[PDB]
Amino acid sequence: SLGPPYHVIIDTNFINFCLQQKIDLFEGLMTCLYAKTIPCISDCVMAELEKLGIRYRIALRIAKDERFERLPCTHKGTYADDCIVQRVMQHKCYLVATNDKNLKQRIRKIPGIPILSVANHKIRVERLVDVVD
Ligand SMILES: [Ca+2]
Ligand SMILES: [Zn+2]
């Protein structure tokens, strides 16, 4: 029910993991999912990219590409991990792309939210179905 127009919420560091592994975000997500995939970026994830500066410069530009869908934040100017977790609790129409061990263990509590991570020169499906309370 997630689609085969797939919506993938990007966390703050995911693009950087992609750049480190010589992965093009867009092709990598498309290849991982075998269908049109839409990378998504919340307002406050986008603000961190503005804020953290030099080593997120190339991430910032990539995040401003046409193919990104921007997700407005209906919350106070806050917390990138909490932002994703709150969004995928309301709307189960999302995947989460993160290599962050703590965010993943929070997402694994939420049924139905697949996790993608960068590994071995590809984006892989890290969490397919299983819940860990
Ligand atoms: Ca969309
Ligand atoms: Zn937010």
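Nothing fancy with the numbering, it's 1 onward along the sequence. Only heavy atoms go into these numbers, but all of them, side chains included; no hydrogens, no water, no symmetry mates. Every number for a ligand or one of its atoms is a count from 1 in the order of the listing.
Among the atoms of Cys40, no N, O or S atom is found under 3.0 Å from the Ca ion (ligand 1).
The main-chain N or O of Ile113 is found under 3.5 Å from a side-chain atom of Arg127 such that the two form a donor-acceptor pair.
Nearest N/O/S atom of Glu69 relative to the Ca ion (ligand 1): this is OE1.
When the side chains of ILVMFWY residues are joined at heavy-atom separations under 4.5 Å, either directly or via intervening members, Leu128 and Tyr6 end up in a single hydrophobic cluster. A chain of hydrophobic side-chain contacts below 4.5 Å, direct or via other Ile, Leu, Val, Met, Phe, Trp or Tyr residues, connects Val45 to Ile58.
Angle SG(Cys83) to the Zn ion (ligand 2) to SG(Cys73): 110° [nearest 10 degrees]. Computed with the Zn ion (ligand 2) at the centre, the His75 NE2 to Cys44 SG angle is 130°, stated to 10 degrees.
With respect to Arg57 and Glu50, no salt bridge is recorded, no charged nitrogen being found less than 4.0 Å from a carboxylate O.
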